[PDB]
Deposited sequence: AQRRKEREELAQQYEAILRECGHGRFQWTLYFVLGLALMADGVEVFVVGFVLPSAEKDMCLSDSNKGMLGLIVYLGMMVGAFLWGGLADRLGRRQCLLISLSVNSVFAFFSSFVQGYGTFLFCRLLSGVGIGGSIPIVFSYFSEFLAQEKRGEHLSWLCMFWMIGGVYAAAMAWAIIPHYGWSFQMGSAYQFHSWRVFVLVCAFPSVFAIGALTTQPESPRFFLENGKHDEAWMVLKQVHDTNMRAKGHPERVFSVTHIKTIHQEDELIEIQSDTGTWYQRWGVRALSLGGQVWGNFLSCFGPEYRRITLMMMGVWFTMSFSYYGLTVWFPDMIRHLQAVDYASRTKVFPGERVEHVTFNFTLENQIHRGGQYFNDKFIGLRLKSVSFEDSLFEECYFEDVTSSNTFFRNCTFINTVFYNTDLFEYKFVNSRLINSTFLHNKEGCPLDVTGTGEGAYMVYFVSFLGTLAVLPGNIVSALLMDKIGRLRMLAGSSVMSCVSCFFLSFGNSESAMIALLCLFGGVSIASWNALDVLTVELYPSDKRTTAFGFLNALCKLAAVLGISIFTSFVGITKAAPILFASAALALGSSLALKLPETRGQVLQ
């Protein structure tokens, strides 16, 4: 009972300090810096989903190897999400984000020069492992600098960079891969892979300049470092707004108080702490919340990734009844249609609340998925896919905000990483099942996705409201 009281007091004082610091130049600079990593994650997702399964350039593997090539990377993303989310609660958000981005960059760079299918598979798997940790770390890292007044809108604006990365990867694919003349053992897919690694390098370079989260310092006994970071934030914000004469008034902050053999014992202790943090998410205080979160994350991920592999095959069926450029253009349109949903969700998140956003978006996504069964031509299918994505992204934004706000700071990245790993597993399962339903029928995939979305909405209706409360 003592620890909960002390952490509530710390949360109240931290909210007061953030109100004193204000929102301004520092927050937007960090926003762009973390948006770079989100863009890197979007680029990785596009590459894995479209060009990675040897569309035309590689063609050095069997069809079974083509299917495995993507799913193993999704499994690596799941593993990396869990690992880096767990480690971020013990080592820090900035440290683990830097390590994961470095691993992703190194192995993405390595995969460009390898001359073998096995080595390419290994490098892409480890790149996925490195990149899987971005979202859970980034969202918590940015949330730990935001006051409660407009926290939801600021968190929702962060989702634009995933779409930006998808667009960047689509344009680079469109420009590079068809130009086979750029080959010099070397081909154009290697140039594309090399170019796709630039956003991660830029993210690392920018992130080197930003400080560690002061909330992590306060939760771990490092009062002075947190005070220095908060004073830096306050000074930057006040100098930007034209009041450099103002003095940071905070004095004291509530604080929650061979070599390889030592490496081994340290690793064992760290793994034990991570496992304890994971198991504490199923305790009596959080078990019901965690179970409801698992259902909403799983059903939404299962439906989206199931439809997005079913959709291109259905277009191919329509084209039979009626080029890589069409693939690039369709992927670009599908990722571009997300923008209005992101804008509207960012503008309405704090006005109407996370719960109403999630419920309405889930209902609209289910309705649009059911409407997908009425497709009769390529153009109508493209429009319906754009509509579905635009109406569905808002549920993902609201779920990000809820996951950020539903867990305490000492387990936030662990819970987020577990949920993101569950999402990657759901993506794997949905891709496998909807590929197993390639031509057997048409009603069944649509019905399955609609039922999953309805179950997700039903579970989302039962979540608690976190709006208007200090960040626990």
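- Gaps between the deposited sequence and the modelled structure occur at positions 185-190, 264-276, 342-454.
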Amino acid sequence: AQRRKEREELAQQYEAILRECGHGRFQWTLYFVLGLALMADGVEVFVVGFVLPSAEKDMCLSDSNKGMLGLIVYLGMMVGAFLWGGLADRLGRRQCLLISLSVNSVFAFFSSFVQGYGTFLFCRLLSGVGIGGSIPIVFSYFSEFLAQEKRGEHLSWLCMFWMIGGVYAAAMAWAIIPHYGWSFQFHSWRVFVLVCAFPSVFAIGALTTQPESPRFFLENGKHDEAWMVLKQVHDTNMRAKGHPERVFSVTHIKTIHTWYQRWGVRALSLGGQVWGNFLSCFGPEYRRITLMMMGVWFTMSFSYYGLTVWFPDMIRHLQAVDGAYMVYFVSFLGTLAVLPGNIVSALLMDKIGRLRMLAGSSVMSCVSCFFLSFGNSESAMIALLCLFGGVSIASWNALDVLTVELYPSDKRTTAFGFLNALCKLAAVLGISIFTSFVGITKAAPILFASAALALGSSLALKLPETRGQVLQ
From here on, numbers count along this sequence of modelled residues.
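Heads up, when I say rigid core I mean the largest set of C-alphas that superpose within 1.5 Å between the two forms.
- Averaged as a root mean square over residues and superposed structures in 4 other deposited structures of this protein, CA distances to the shown form are larger in 312-320; the pair compared was 78-86 and 312-320 with a core fit.
- Across the superposed structures in 4 other deposited structures of this protein, aligned by the core, the stretch whose Cα atoms lie more distant on average is 350-358, chosen from 350-358 and 93-101.
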